[PDB]
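Single chain ahead, written as C-alpha cells, the form deposited in one PDB entry.
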C-alpha cells in the first residue's frame, strides 16, 4: 500500500518499515526532517504575529470611523473578522501541532484547525460573490433608483456567514470528517478515503461544485458583464464624473482581490482534485503541504489590498494611527470622516 490508512487518518507514507504512527499519537518526524517542522512552526508564528495586528487593526478602524460603511467596507470588515478566527481559532493550533510534530489534541484539535480554516476560506470565496453581485449592480446598474444600502450589505454578511458555514459544518456532524494532510500538521476535508461511514464521497462533490465551481462562475461571469462597461483603464480625477472614476477603483481592487484568491487556492484546489481522482497514487507529504500552507496567506493578503487600493480606508487608517488628527497626506480628497473628528456627514 502506498500510504497508511488509519481509522482516523491517512499518512502519505508506506508502513513497509513499520515506522508510521498516528498523527494523533506521536511525532511524524519520520516523514520529514525535524528542522523542516520547525520551519512550519515559525512561518505560522509570523502569520499569527502579523495577520493578527493587521486584521485587528482594520476592525477597530471601520468600527471607529463612521463613513466607512459602504458595501466594500462591509465586506472587508467581515473578512477581517473571519480571519481573526482562523488565527486564534485555528492557526494557533496548527503552530501547536507543528511545534510538537503531530496533533497532540488529537481529533478535537483537527476539528478546530479544519473547521475554521474551511469556513474562513469559504466565507472569503462567498464574499467574492456578494461583491461581484454589487459590482454588477453598480456598474451595469440593471435597476432604476435602487441603491445597495447598508441593509443589503448586512444581508451578505449573513448570506456568506451562512453559505460558508454550511460547508465547514457538516464534517463535524456525520457528513464527512476533517483529516490531517501533508506532514499531518494541517487539517482538511477527507479526499484520501471513501470511508462509507461518513460518505466522504458525496461531501467532496458537493463542495467541488456548490462551493467552488458555482461561486467561480457567478464571479467570472459578472466579470464579463463589466467587460464592456468599466474596465481596467481609469484616468485621473474623473472619467465621466469623478464618482464614476472613483467606482472604477473599487473595481480595479476587487479584481485583484480575486486574483489573490485564485493564487491562494487553485494551487491547492488542484492538488486536492488530483488526490481525489487518485485516492491511492504515489504522492508524498511535501505534495499537499506546500500548496496548503501557502493558502494560509489568505488570512493576510486582503487587508493589504484594501489598505493600498482604498484611498478612503488607507487615509482614514493613518488618521486612526496618528492618534489625533494629522490627516497629512492629501486626505481622501473625497469623503473622509472618522469617529468624531471629520465624521461630519455630507450626503444629500
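Positions refer to the first chain, counted from 1. In this text, the rigid core denotes the largest set of C-alpha atoms whose superposition between the two forms falls within 1.5 Å.
Keep in mind that the form deposited in another entry is missing from the display, and what follows is about it.
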- Message: Once the rigid core is superposed, exactly one of 234, 77, 99, 104 has its CA displaced by 2 Å or more between this form and the one not shown; which residue is that?
- Response: 234
- Message: Superposed on the rigid core, does the Cα of residue 59 end up 2 angstroms or more away between this form and the one not shown?
- Response: no
- Exceeds or equals 2 Å, Cα of residue 159 between this form and the one not shown, core fit: no
- Is residue 168 one of the residues whose C-alpha moves 2 Å or more between this form and the one not shown after the core fit? no
- Did residue 156 and residue 254 drift closer or farther in the other entry, going by a CA distance change of 3 angstroms or more? farther
- Work out whether the Cα atoms of residue 9 and residue 277 come closer together or move farther apart in the other entry than they are in this form, the change being 3 angstroms or more. farther
